[PDB]
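Residue numbers (the deposited numbering), protein chains in the order written: chain lh, 2 to 106; chain lW, 28 to 68, 75 to 120; chain ln, 2 to 74; chain lo, 2 to 51. Notes follow the structure.
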Amino acid sequence: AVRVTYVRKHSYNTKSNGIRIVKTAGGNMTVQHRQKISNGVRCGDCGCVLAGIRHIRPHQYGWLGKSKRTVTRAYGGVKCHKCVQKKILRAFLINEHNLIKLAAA
Amino acid sequence: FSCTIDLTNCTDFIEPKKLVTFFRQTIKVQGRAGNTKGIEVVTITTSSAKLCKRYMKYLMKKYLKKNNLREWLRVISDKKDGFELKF
Amino acid sequence: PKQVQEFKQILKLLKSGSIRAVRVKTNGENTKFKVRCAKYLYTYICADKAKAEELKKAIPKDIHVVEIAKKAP
Amino acid sequence: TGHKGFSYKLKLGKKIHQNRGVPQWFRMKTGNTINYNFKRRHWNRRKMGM
RNA sequence: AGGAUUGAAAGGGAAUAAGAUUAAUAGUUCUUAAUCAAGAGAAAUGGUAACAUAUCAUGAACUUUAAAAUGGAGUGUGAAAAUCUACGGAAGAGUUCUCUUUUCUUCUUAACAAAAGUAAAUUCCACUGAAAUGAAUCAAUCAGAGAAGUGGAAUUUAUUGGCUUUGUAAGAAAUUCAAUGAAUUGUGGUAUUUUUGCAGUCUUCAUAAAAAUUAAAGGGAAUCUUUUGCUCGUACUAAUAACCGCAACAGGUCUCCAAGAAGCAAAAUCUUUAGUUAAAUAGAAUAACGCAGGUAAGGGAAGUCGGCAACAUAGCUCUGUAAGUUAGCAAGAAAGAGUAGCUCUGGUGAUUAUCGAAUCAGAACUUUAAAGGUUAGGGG
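This is how it looks when you write it as structure tokens:
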């Protein structure tokens, strides 16, 4: 086995100091710096992970294409489809009830 | 499969005729030395039996040690499924 | 580095005025046409000798051409 | 330390520069008593405390 | 519009790798190949849907949401690396008068991107509507606020998109050969460990950070090439000699990487890669008294304040286990038997005849009669 050494000057097994050891030409093994695991997005109401958006670092979303950081729907990217459906019915049914209850009952 | 041995600079040290009988009487085709009926005997050119190039170097190095001449001669592959002998 | 897939793009790349250098490598099985552009190094794996010659004529004479073989320069 | 401030590094460099003996010509001056630098130090003998 | 300064070289954080080079520096130099930031040259489609489209396809004020940004335990499992191993080889080395188709070494590949082929897990969408209730895990857990089935969508899996593969890229590097030039660089495993993710389960009178910074939404105000990237640290030790103890002090001082044997074990013991043979001087003789390690006939605590010290037990399997008790324990109670080598036999699966795992049980024979080299409870 080939034993390796930290390349940067950090010497502690911190979250930002994660490494990967990969093989390299000549049988030597080198040290990489791996990225932290991130969370995605959550519905503003039900707190569920949204589908269609990758789990990357906050700044890396700007690098992605304009269509790859959202979902093409009303409140897309901030509310789940189930979250949105309840919003539409609430807005329509309550308004319709207001027209019959009050406003020339 | 056809292994070829070159002695073009050491045939005086080792006559081929002595090598032909040794390979015939020492190859263990099925664990038995001397039962090499499917061996064409310096070349070996045998297809019925299974052998190896690295096996050929084994007896040849064994042969050199038997004659106490191993300290002078070295068996080197000629990159053409054969072996050539140097000093 | 990027890899171009079919023959149409490389000629359009060769005829484009963004080229900087060309290096041709001959392997035991195929021939690679690495085009050194401003940003990337596009390459094209070719296994047909006649199509390779068509490519070599497509190279403008002004650009520098480097031929690589079993011995590196 | 490998890491140091710029001003601290320069003060380190001066202490290296001041750790030298008397040049030979200065020792041949007439009426010269300064033969050895008594302010000298070595890393393993006295820590300069800075 | 809302609250000033400082406070982390282990918290948050835009973006770089492989090879080569020096007497000494190198994610810093060189070759090659990349990335990032700041600049310069009445306004889209598709899908039933989950949602998808090399920049595309306008989006101000104001407001909201999310990320950065969240404990621990234990179980299962995906992938990579190391070790081991199956088949096929190529080159070199070791042994060789006794044998050995033999034993050992090399057979490699980066950042960043591509998308032939092909995965595991979770969550959603469409059709349908479950009772004779079904579906599933090692465990769970779930269903008319809709299970199972079939067909789809998304996310995660150390960069693009997880793995093989591809560009980089063989021109490098490794192993050989010749005297700079030549050769090779397959495919696998229902094995172990490590690393890294994922899934649910358990636990708290414990619920296990904030900002810089980024994106999205609601609203409708308005009508590819190229330049530059400043300041400071960067040598060396990091300890049985570079640090703190007056010193080259058997004391103390926070971390990363981690091979084989054997074993439950990162234990003791031995070895490979690397390091070293010197670390406050030696030679001769082999008295007493010592310090450290031992043994001893017969007796067995009679020694002593006192079994102090030492001796003794010691692993695993099977049988067996009392009084007392807060009913949980005591308990490894106590006590007894087995254990080696060699030659065999049988049980536990996968895939559909071939292949594979260490584990358990049993039987003849032999001997110096078997845990004991090391590790390893004295009991009442």
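Heads up, the beta-carbon is just placed ideally off N, CA and C, and yes, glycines get one too.
Looking at C-alpha atoms only, which residue of the options is the closest neighbour of residue i?
| i | options | result |
| --- | --- | --- |
| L56/ln | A73/ln, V36/ln and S19/ln | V36/ln |
| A82/lW | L34/lW, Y96/lW, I66/lW and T53/lW | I66/lW |
| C47/ln | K3/ln, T27/ln, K13/ln and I64/ln | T27/ln |
| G18/ln | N31/ln, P2/ln, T44/ln and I60/ln | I60/ln |
| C49/lh | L100/lh, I20/lh, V3/lh and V85/lh | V85/lh |
| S68/lh | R58/lh, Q61/lh, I54/lh and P59/lh | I54/lh |
| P59/lh | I22/lh, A52/lh and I38/lh | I38/lh |
| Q61/lh | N18/lh, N40/lh and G28/lh | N40/lh |
| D63/ln | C38/ln, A51/ln, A22/ln and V5/ln | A22/ln |
| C37/lW | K112/lW, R59/lW, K113/lW and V108/lW | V108/lW |
| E104/lW | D33/lW, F40/lW, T79/lW and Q57/lW | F40/lW |
| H43/lo | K16/lo, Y37/lo, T34/lo and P24/lo | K16/lo |
| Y37/lo | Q19/lo, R46/lo, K10/lo and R47/lo | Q19/lo |
| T79/lW | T35/lW, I54/lW, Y91/lW and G58/lW | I54/lW |
| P2/ln | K40/ln, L15/ln and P74/ln | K40/ln |
| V56/lW | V47/lW, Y88/lW, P43/lW and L34/lW | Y88/lW |
| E54/ln | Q6/ln, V5/ln, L12/ln and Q4/ln | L12/ln |
| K71/ln | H65/ln, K9/ln, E30/ln and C38/ln | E30/ln |
| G27/lh | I20/lh, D46/lh, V3/lh and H82/lh | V3/lh |
Counting C-beta neighbours from all protein chains within 10 Å, is the total for residue i 16 or more, i.e. buried, or is it exposed?
| i | result |
| --- | --- |
| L106/lW | buried |
| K80/lh | buried |
| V75/lW | buried |
| residue 162/lW | Outside the displayed span of chain lW (28 to 120) sits residue 162/lW, for which this structure offers no information. |
| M49/lo | exposed |
| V67/ln | exposed |
| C85/lW | exposed |
| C30/lW | buried |
| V42/lh | buried |
| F27/lo | exposed |
| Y43/ln | buried |
| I32/lW | buried |
| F39/lo | exposed |
| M93/lW | buried |
| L51/lh | buried |
| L118/lW | buried |
| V25/ln | buried |
| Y13/lh | exposed |
| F49/lW | buried |
| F7/lo | exposed |
| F120/lW | exposed |
The ligand ZN and residue i: does any heavy atom of the ligand fall closer than 8 Å to the residue's C-beta?
| i | result |
| --- | --- |
| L14/ln | You won't find the ligand ZN in this model; it holds no ligand whatsoever. |
So residue i packs on residue j, CB below 8 Å; how close in whole Å?
| i | j | result |
| --- | --- | --- |
| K33/ln | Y45/ln | 7 Å |
| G61/lW | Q52/lW | 5 Å |
Inset, instruction - Could you pull out every unbroken alpha helix (DSSP H) segment of at least 4 residues lying fully inside the region 41-78 of chain lh, listed in chain order? - result: 61-64
Inset, instruction - Flag this pair as touching only if the region 30-37 of chain lh and the region 4-22 of chain lh have three or more C-beta atom pairs under 8 Å; answer yes or no. - result: yes
Legend entry - the region 48-67 of chain lW / the region 69-87 of chain lh touching (three or more Cβ pairs under 8 Å): no
Legend entry - Three-pair Cβ contact test at 8 Å for the region 84-99 of chain lW versus the region 86-95 of chain lh: no
Inset, instruction - Give, in chain order, every unbroken run of the alpha helix (DSSP H) that is at least 4 residues long and sits entirely within the region 29-60 of chain lW. - result: 43-53
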